[PDB]
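Undergrad: Supplied structure: entry_25.txt, compact mmCIF, N, CA and C atoms.
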# COMPACT_ATOMS: atom_id res chain seq x y z
N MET A 23 111.17 71.46 43.60
CA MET A 23 111.73 72.71 44.19
C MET A 23 111.49 72.70 45.70
N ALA A 24 112.54 72.99 46.46
CA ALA A 24 112.43 73.01 47.92
C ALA A 24 112.34 74.45 48.42
N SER A 25 111.53 74.66 49.46
CA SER A 25 111.36 76.00 50.03
C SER A 25 111.89 76.05 51.46
N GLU A 26 112.61 77.13 51.77
CA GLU A 26 113.15 77.32 53.11
C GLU A 26 112.03 77.57 54.13
N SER A 27 110.95 78.22 53.69
CA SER A 27 109.85 78.55 54.59
C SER A 27 109.26 77.31 55.26
N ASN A 28 109.39 76.15 54.63
CA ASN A 28 108.83 74.91 55.19
C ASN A 28 109.35 74.64 56.60
N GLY A 29 110.56 75.10 56.91
CA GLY A 29 111.15 74.88 58.22
C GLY A 29 110.38 75.64 59.30
N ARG A 30 110.05 74.95 60.38
CA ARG A 30 109.33 75.58 61.48
C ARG A 30 110.14 76.74 62.05
N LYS A 31 109.46 77.78 62.52
CA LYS A 31 110.15 78.89 63.17
C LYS A 31 110.46 78.53 64.62
N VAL A 32 111.68 78.82 65.07
CA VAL A 32 112.07 78.49 66.44
C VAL A 32 112.83 79.65 67.09
N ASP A 33 112.45 79.97 68.32
CA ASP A 33 113.14 80.98 69.11
C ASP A 33 114.47 80.44 69.63
N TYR A 34 115.46 81.31 69.78
CA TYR A 34 116.77 80.89 70.28
C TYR A 34 116.65 80.15 71.61
N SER A 35 115.74 80.60 72.47
CA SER A 35 115.57 79.96 73.77
C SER A 35 115.17 78.50 73.60
N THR A 36 114.27 78.24 72.66
CA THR A 36 113.79 76.88 72.43
C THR A 36 114.93 76.00 71.94
N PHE A 37 115.77 76.54 71.05
CA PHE A 37 116.89 75.78 70.53
C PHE A 37 117.81 75.32 71.65
N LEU A 38 118.10 76.21 72.61
CA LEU A 38 119.01 75.86 73.69
C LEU A 38 118.47 74.68 74.50
N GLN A 39 117.16 74.68 74.74
CA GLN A 39 116.55 73.58 75.49
C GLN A 39 116.73 72.26 74.75
N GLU A 40 116.51 72.29 73.44
CA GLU A 40 116.63 71.07 72.64
C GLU A 40 118.05 70.52 72.68
N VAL A 41 119.03 71.42 72.65
CA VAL A 41 120.43 71.01 72.74
C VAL A 41 120.67 70.26 74.05
N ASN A 42 120.18 70.81 75.15
CA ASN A 42 120.31 70.16 76.45
C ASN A 42 119.68 68.76 76.44
N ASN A 43 118.61 68.60 75.67
CA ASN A 43 117.92 67.31 75.58
C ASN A 43 118.53 66.36 74.53
N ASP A 44 119.68 66.72 73.96
CA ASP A 44 120.33 65.88 72.95
C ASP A 44 119.36 65.47 71.84
N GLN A 45 118.44 66.37 71.49
CA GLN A 45 117.52 66.12 70.38
C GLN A 45 118.06 66.62 69.04
N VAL A 46 119.00 67.58 69.08
CA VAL A 46 119.54 68.15 67.84
C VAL A 46 120.60 67.23 67.25
N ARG A 47 120.59 67.11 65.92
CA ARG A 47 121.54 66.26 65.22
C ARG A 47 122.64 67.11 64.59
N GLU A 48 122.22 68.15 63.87
CA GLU A 48 123.15 68.99 63.13
C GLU A 48 122.76 70.46 63.23
N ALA A 49 123.77 71.33 63.32
CA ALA A 49 123.53 72.77 63.33
C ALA A 49 124.49 73.49 62.38
N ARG A 50 123.93 74.11 61.35
CA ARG A 50 124.72 74.91 60.42
C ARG A 50 124.67 76.38 60.83
N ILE A 51 125.82 77.05 60.81
CA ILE A 51 125.90 78.45 61.19
C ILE A 51 126.16 79.33 59.96
N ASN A 52 125.31 80.33 59.77
CA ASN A 52 125.48 81.31 58.71
C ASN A 52 125.09 82.69 59.22
N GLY A 53 126.09 83.49 59.59
CA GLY A 53 125.83 84.82 60.13
C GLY A 53 125.01 84.72 61.42
N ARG A 54 123.94 85.50 61.50
CA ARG A 54 123.07 85.49 62.68
C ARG A 54 122.09 84.31 62.67
N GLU A 55 121.91 83.63 61.54
CA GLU A 55 120.91 82.58 61.43
C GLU A 55 121.56 81.20 61.51
N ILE A 56 120.88 80.27 62.18
CA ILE A 56 121.33 78.88 62.23
C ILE A 56 120.25 77.99 61.64
N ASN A 57 120.64 77.08 60.75
CA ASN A 57 119.69 76.11 60.20
C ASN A 57 119.91 74.78 60.90
N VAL A 58 118.84 74.17 61.40
CA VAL A 58 118.99 73.01 62.29
C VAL A 58 118.18 71.82 61.79
N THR A 59 118.78 70.64 61.91
CA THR A 59 118.08 69.39 61.63
C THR A 59 117.99 68.56 62.91
N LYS A 60 116.78 68.13 63.24
CA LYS A 60 116.58 67.26 64.40
C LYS A 60 116.80 65.80 64.01
N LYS A 61 117.12 64.96 64.99
CA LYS A 61 117.29 63.53 64.73
C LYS A 61 116.06 62.93 64.05
N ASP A 62 114.88 63.49 64.31
CA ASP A 62 113.64 62.95 63.75
C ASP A 62 113.37 63.43 62.32
N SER A 63 114.39 63.96 61.64
CA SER A 63 114.26 64.41 60.25
C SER A 63 113.45 65.71 60.10
N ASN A 64 112.88 66.23 61.19
CA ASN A 64 112.16 67.50 61.13
C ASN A 64 113.15 68.65 61.00
N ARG A 65 112.84 69.61 60.13
CA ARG A 65 113.75 70.74 59.90
C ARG A 65 113.15 72.04 60.42
N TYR A 66 114.02 72.92 60.92
CA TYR A 66 113.58 74.22 61.40
C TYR A 66 114.70 75.25 61.32
N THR A 67 114.33 76.52 61.44
CA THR A 67 115.31 77.61 61.40
C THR A 67 115.18 78.46 62.66
N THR A 68 116.31 78.83 63.25
CA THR A 68 116.31 79.63 64.47
C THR A 68 117.18 80.88 64.31
N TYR A 69 116.74 81.98 64.91
CA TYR A 69 117.50 83.22 64.86
C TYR A 69 118.18 83.48 66.20
N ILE A 70 119.41 83.98 66.16
CA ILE A 70 120.15 84.25 67.40
C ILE A 70 120.03 85.73 67.77
N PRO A 71 119.24 86.11 68.76
CA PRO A 71 119.10 87.55 69.13
C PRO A 71 120.45 88.21 69.44
N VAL A 72 121.31 87.49 70.16
CA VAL A 72 122.66 87.97 70.44
C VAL A 72 123.65 86.83 70.28
N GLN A 73 124.79 87.11 69.65
CA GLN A 73 125.78 86.07 69.39
C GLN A 73 126.22 85.42 70.69
N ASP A 74 126.19 84.09 70.72
CA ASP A 74 126.58 83.33 71.91
C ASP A 74 127.77 82.42 71.60
N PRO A 75 128.99 82.89 71.77
CA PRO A 75 130.20 82.04 71.48
C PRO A 75 130.21 80.75 72.31
N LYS A 76 129.62 80.81 73.50
CA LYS A 76 129.57 79.64 74.38
C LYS A 76 128.78 78.50 73.75
N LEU A 77 127.79 78.83 72.93
CA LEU A 77 126.93 77.80 72.33
C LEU A 77 127.77 76.79 71.55
N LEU A 78 128.80 77.27 70.87
CA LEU A 78 129.65 76.39 70.07
C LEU A 78 130.26 75.31 70.94
N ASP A 79 130.79 75.71 72.09
CA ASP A 79 131.44 74.77 72.99
C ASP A 79 130.45 73.70 73.45
N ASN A 80 129.22 74.11 73.74
CA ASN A 80 128.21 73.17 74.20
C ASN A 80 127.95 72.10 73.15
N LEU A 81 127.74 72.52 71.90
CA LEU A 81 127.46 71.58 70.83
C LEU A 81 128.58 70.56 70.68
N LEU A 82 129.83 70.99 70.88
CA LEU A 82 130.96 70.08 70.76
C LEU A 82 130.93 69.02 71.86
N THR A 83 130.65 69.44 73.10
CA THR A 83 130.58 68.49 74.21
C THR A 83 129.50 67.43 73.98
N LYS A 84 128.42 67.81 73.32
CA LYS A 84 127.33 66.87 73.01
C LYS A 84 127.60 66.00 71.78
N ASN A 85 128.73 66.20 71.10
CA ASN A 85 129.04 65.46 69.88
C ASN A 85 127.99 65.73 68.81
N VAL A 86 127.60 66.99 68.68
CA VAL A 86 126.65 67.40 67.65
C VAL A 86 127.42 67.94 66.44
N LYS A 87 126.97 67.60 65.24
CA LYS A 87 127.67 68.03 64.03
C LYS A 87 127.59 69.54 63.89
N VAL A 88 128.72 70.17 63.58
CA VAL A 88 128.77 71.63 63.47
C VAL A 88 129.38 72.04 62.13
N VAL A 89 128.71 72.96 61.45
CA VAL A 89 129.20 73.47 60.16
C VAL A 89 129.30 74.99 60.22
N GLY A 90 130.41 75.54 59.72
CA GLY A 90 130.57 76.99 59.69
C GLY A 90 130.74 77.49 58.26
N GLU A 91 129.94 78.49 57.89
CA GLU A 91 130.06 79.09 56.56
C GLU A 91 129.56 80.54 56.58
N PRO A 92 130.39 81.50 56.94
CA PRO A 92 129.96 82.93 56.96
C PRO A 92 129.44 83.39 55.60
N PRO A 93 128.49 84.30 55.54
CA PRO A 93 127.94 84.78 54.24
C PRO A 93 129.04 85.28 53.30
N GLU A 94 128.86 85.05 52.01
CA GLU A 94 129.84 85.48 51.01
C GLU A 94 129.31 86.66 50.21
N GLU A 95 130.19 87.61 49.91
CA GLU A 95 129.82 88.79 49.13
C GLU A 95 130.74 88.94 47.92
N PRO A 96 130.50 88.20 46.85
CA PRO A 96 131.38 88.27 45.64
C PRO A 96 131.48 89.67 45.05
N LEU A 97 130.48 90.51 45.30
CA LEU A 97 130.47 91.86 44.75
C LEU A 97 131.65 92.68 45.29
N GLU A 98 132.00 92.46 46.56
CA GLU A 98 133.08 93.21 47.18
C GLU A 98 134.40 93.04 46.42
N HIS A 99 134.61 91.86 45.84
CA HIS A 99 135.84 91.58 45.11
C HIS A 99 136.11 92.63 44.03
N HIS A 100 135.05 93.12 43.40
CA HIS A 100 135.20 94.11 42.34
C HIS A 100 135.93 95.35 42.86
N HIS A 101 136.79 95.92 42.02
CA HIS A 101 137.53 97.12 42.39
C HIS A 101 136.70 98.39 42.16
N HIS A 102 135.79 98.36 41.18
CA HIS A 102 134.98 99.53 40.88
C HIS A 102 134.19 99.99 42.11
N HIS A 103 133.72 99.03 42.90
CA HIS A 103 132.96 99.36 44.10
C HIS A 103 133.74 100.28 45.04
N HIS A 104 135.06 100.13 45.06
CA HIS A 104 135.90 100.96 45.92
C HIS A 104 136.31 102.24 45.20
Can you give me the file's structure in the form of structure tokens?

TA:
Amino acid sequence: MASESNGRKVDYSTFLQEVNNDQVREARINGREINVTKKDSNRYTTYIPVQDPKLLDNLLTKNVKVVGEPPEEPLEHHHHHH
């Protein structure tokens, strides 16, 4: 069984610095939270205090892998809720 807590906690500011240093390998986006894998196989999770659309463009210029998957709410599909 794998636990999410194992990932080191990282401030958004720290993440930006790592991007500039081309240390990040992959960044998954899910709502306000981003899950990140470093080239060194170390895993961590970072929170975005304020949405930064510019960040996406930066990751592309660095040739960093980007994944998008907004949170899903299957409950909303139900008509009874409305």

Undergrad: Env of stretch 84-87 of chain A: 10 Å cut, atoms = only C-alpha atoms, seq-sep filter 3 positions within chain, self excluded. Answer as a list in words.

TA: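 Within the cut-off, the hits are residues 41, 42, 43, 44, 45, 46, 47, 48, 49, 50, 59, 78, 79, 80 and 81 of chain A.
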
Undergrad: Just want the 12 Å neighbourhood of residue A:27, counted on only C-alpha atoms, with same-chain residues fewer than 2 positions away dropped. Output as a ChimeraX atom specification.

TA: /A:24-25,29-31,57,65-68

Undergrad: Please report the interatomic distance between atom CA of residue A:38 and atom C of residue A:82 in Å with one decimal.

TA: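 Going from atom CA of residue A:38 over to atom C of residue A:82, I get 13.9 Å.
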
Undergrad: Just the number, please: distance in Å from atom C of residue A:64 to atom N of residue A:37, one decimal.

TA: 13.0 Å

Undergrad: Could you work out an axis-aligned box for stretch 47-50 of chain A, taking every atom the file lists and adding 8 Å on each side, and report centre and edge lengths in Å to one decimal, as lines of an AutoDock Vina configuration file?

TA:
center_x = 122.7
center_y = 71.3
center_z = 63.2
size_x = 20.1
size_y = 26.1
size_z = 21.5

Undergrad: Would you mind reading off the distance between atom CA of residue A:73 and atom CA of residue A:94, one decimal, in Å?

TA: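 Taking atom CA of residue A:73 and atom CA of residue A:94, their separation equals 18.8 Å.
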
Undergrad: DSSP on the backbone, strand (DSSP E) only: what residues of chain A does that give? Format it as a PyMOL selection string.

TA: chain A and resi 30-32+46-52+55-60+65-69+87-90

Undergrad: Pick out each residue of chain A that DSSP on the backbone tags as alpha helix (DSSP H); I need them as a CSV table (one decimal) with N, CA and C atoms, keeping the file's coordinate frame.

TA:
chain,number,residue,atom,x,y,z
A,34,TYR,N,115.5,81.3,69.8
A,34,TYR,CA,116.8,80.9,70.3
A,34,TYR,C,116.6,80.2,71.6
A,35,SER,N,115.7,80.6,72.5
A,35,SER,CA,115.6,80.0,73.8
A,35,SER,C,115.2,78.5,73.6
A,36,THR,N,114.3,78.2,72.7
A,36,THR,CA,113.8,76.9,72.4
A,36,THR,C,114.9,76.0,71.9
A,37,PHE,N,115.8,76.5,71.0
A,37,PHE,CA,116.9,75.8,70.5
A,37,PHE,C,117.8,75.3,71.6
A,38,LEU,N,118.1,76.2,72.6
A,38,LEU,CA,119.0,75.9,73.7
A,38,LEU,C,118.5,74.7,74.5
A,39,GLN,N,117.2,74.7,74.7
A,39,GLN,CA,116.6,73.6,75.5
A,39,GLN,C,116.7,72.3,74.8
A,40,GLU,N,116.5,72.3,73.4
A,40,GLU,CA,116.6,71.1,72.6
A,40,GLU,C,118.0,70.5,72.7
A,41,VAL,N,119.0,71.4,72.6
A,41,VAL,CA,120.4,71.0,72.7
A,41,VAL,C,120.7,70.3,74.0
A,42,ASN,N,120.2,70.8,75.2
A,42,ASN,CA,120.3,70.2,76.4
A,42,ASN,C,119.7,68.8,76.4
A,75,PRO,N,129.0,82.9,71.8
A,75,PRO,CA,130.2,82.0,71.5
A,75,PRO,C,130.2,80.8,72.3
A,76,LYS,N,129.6,80.8,73.5
A,76,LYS,CA,129.6,79.6,74.4
A,76,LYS,C,128.8,78.5,73.8
A,77,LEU,N,127.8,78.8,72.9
A,77,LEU,CA,126.9,77.8,72.3
A,77,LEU,C,127.8,76.8,71.6
A,78,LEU,N,128.8,77.3,70.9
A,78,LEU,CA,129.6,76.4,70.1
A,78,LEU,C,130.3,75.3,70.9
A,79,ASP,N,130.8,75.7,72.1
A,79,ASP,CA,131.4,74.8,73.0
A,79,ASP,C,130.4,73.7,73.4
A,80,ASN,N,129.2,74.1,73.7
A,80,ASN,CA,128.2,73.2,74.2
A,80,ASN,C,128.0,72.1,73.2
A,81,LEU,N,127.7,72.5,71.9
A,81,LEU,CA,127.5,71.6,70.8
A,81,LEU,C,128.6,70.6,70.7
A,82,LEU,N,129.8,71.0,70.9
A,82,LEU,CA,131.0,70.1,70.8
A,82,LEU,C,130.9,69.0,71.9
A,83,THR,N,130.6,69.4,73.1
A,83,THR,CA,130.6,68.5,74.2
A,83,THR,C,129.5,67.4,74.0
A,96,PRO,N,130.5,88.2,46.8
A,96,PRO,CA,131.4,88.3,45.6
A,96,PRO,C,131.5,89.7,45.0
A,97,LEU,N,130.5,90.5,45.3
A,97,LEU,CA,130.5,91.9,44.8
A,97,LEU,C,131.6,92.7,45.3
A,98,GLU,N,132.0,92.5,46.6
A,98,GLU,CA,133.1,93.2,47.2
A,98,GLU,C,134.4,93.0,46.4
A,99,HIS,N,134.6,91.9,45.8
A,99,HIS,CA,135.8,91.6,45.1
A,99,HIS,C,136.1,92.6,44.0

Undergrad: Which one of A:36, A:103, A:96, A:55 sits closest to residue A:69 if you count all atoms listed in the file?

TA: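 With all atoms listed in the file as the atom set, the closest residue is A:55.
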